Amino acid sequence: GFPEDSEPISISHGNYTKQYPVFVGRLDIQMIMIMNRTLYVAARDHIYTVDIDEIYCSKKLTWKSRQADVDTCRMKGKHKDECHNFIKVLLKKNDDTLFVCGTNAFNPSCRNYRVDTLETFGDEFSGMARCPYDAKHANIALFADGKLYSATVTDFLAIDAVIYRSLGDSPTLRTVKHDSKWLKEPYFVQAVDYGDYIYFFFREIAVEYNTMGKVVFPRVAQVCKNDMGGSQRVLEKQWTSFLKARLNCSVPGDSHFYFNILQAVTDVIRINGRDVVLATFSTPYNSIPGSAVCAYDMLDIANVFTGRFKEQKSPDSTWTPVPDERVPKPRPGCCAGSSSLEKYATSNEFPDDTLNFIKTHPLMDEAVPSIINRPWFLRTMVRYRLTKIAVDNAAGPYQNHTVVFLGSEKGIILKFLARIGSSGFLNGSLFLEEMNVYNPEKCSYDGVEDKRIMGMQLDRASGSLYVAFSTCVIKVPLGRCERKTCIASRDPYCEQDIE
């Protein structure tokens, strides 16, 4: 008896949400992020800023592609609408430096800007492998210890999907070119900084099924922060700690129902004493639509990489565990400078047997279990899929509720509470709100009505959740209280029974 979708304990409509403030500058919004007290809007040609304290553009950055780049782009058969500069990487390098990469008419490049003035600093440089050529593509970029971690394609034809590290005075490292054991048509979702590792969350064609046709799996991948590459013999200029595993997001039973299409992942956040990520999953395109929110314990992620490795004995075999006696000493995947690998100053010093093993065996046998071994949330027979995810784990007057905000491709935002009262149970989440937030009258212009939520930033200070569409940014209040007997909603933002 597969869990039946509960209904929201509050629905809101374009009727109500209509009057929420909107930012408009077609804009072609690529992403948004809050830093300190300013919302950043990354779009075509520009990055606008909004003082979070109609919505007005308080300052804007400007970076238009040179005409020769546009012509070059056009001359490769690209349509005029995509041969512009679309900002696709936006990070703080430090307190003074914004790091900005644009598609730049299918000619990726990166630049440093100044936080305070938005003026240019230093000169531009190749964005190859740091930024996509195509604004339509999903990308990852993140700084850790000054090193830039990125995931995108290296090439104009988008065939060379890469997980890459460059900058920060360390060697540049990449995944093995065209090695489908490493990467098979990935789609990049998220990267997090944790402990000794960067963790990448993406989806790819599952080789575990290369016998049985086209199946997409959700993956988490590990890299050692201190990776220096291989020796001159094996894996030179390439990762030596790359390991990946299937994520497990399922409703269990005598047969398990897997949600395999990874949509979004949160940053690492703290819940019930644990460091976790929350991830939104969907059923594939060709299926009965369904979405799930599973949570993952950083420890469960870590533990998976200590388990057995996967192999395929012959082209006619199922994928099986490697018996431990065939695993070389030192064990692949551990970071030089740690327990029993103290004798290796760097990965450059790792032996051949270790480096050859990890080159050929990047996939772990086990799948990462989720916390509670089931989703915390489900949405099944609706004509939309859950995409973006923003959390507030300090919700309410006593700052102790975990409210999760979920977006969709149709401009719908769901809101739910993960934990009810002081007990700490997580097996009974409450569906607080289903709401349509997309505003046709302020967002549908320049021949474009697209309702895909491009991103969303939660801002406790200003009590609002900023929602990005392609052409507009909507300022939604975290709760709907004004709508009497308003204790009925069990909304921690609004005495109040939530029992």
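Position 1 is the first residue in the sequence shown; the rest follow in order.
Missing deposited residues between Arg483 and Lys484: 4 to 9, all without coordinates in the entry. In the deposited entry, the stretch joining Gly14 to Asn15 is continuous, with no residue of the deposited sequence left without coordinates. Across the two stretches, 389 to 397 and 246 to 254, the PDB entry reports the greater mean Cα temperature factor for 389 to 397. The mean Cα B-factor in the deposited entry runs higher for 332 to 340 than for the other of 332 to 340 and 290 to 298.
In the PDB entry, the Cα temperature factor peaks, among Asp365, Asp324, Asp179, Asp196, at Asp324. The residue among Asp145, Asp316, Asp267, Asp227 whose C-alpha carries the highest B-factor in the deposited model is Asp316. Per the PDB record, residue ranking by Cα B-factor puts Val220 in the lowest third of the chain. Per the deposited record, the Cα B-factor of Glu124 falls in the highest third when ranked against the other modelled residues of its chain. Per-chain ranking of the deposited C-alpha B factor places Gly102 in the lowest third.
Among the modelled residues of its chain, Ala345 has a C-alpha B-factor that falls in the middle third, as given in the PDB entry. Ranked by Cα temperature factor within the chain, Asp116 sits in the highest third according to the deposited record.
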